[PDB]
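Given as structure tokens, the chain that follows is alone and in the form deposited in one PDB entry.
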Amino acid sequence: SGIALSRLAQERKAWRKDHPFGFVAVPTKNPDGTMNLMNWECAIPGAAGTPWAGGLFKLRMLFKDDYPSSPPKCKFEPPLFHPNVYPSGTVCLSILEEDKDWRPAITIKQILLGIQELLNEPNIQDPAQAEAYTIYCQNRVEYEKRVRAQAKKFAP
């Protein structure tokens, strides 16, 4: 898709000039070794001073041929403990749904900062996984304990 590929080249240029420290976003390769702009491997650092601190959380960003009409699918690989991340790893966030708050102008940097913000501030209104949501509601201390253990597990 020429439209998607043109926009994704624009995103790649912008990202290299200006990206938040400690974040990673890199296109993958096709089986012939050429660049695949439709599939990016990314990493989000936990914010300092939070239970997420010290972790580097890997996620894949998958673009459909009609991007930027549609948002990319964002999937933590491996899946994470968080009330708004599905057991599959897929992130549940309003800016990542075409019918909700997605706008074609939204950039990869804005998506990744949006997901980082979500990590430290769950949305109790759209629970995506039972366990993390239930613990968040029932025992915030236990929740943060689980988050810190996870951050340690994913230290780079």
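Residue indices: 1-based, along the sequence shown.
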Per the PDB record, is the mean Cα temperature factor higher over 20 to 28 or over 143 to 151?
-> 143 to 151
Higher of the two mean Cα B-factors (109 to 117, 94 to 102; per PDB record) comes from 94 to 102
Of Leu59, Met35, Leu62, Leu56, which one's C-alpha B factor is largest in the deposited record?
-> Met35
Have a look at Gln125, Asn39, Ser88, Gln129 and flag the one whose Cα has the highest B-factor in the entry.
-> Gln125
Is the Cα B-factor recorded for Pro68 in the lowest, middle or highest third of its chain?
-> lowest
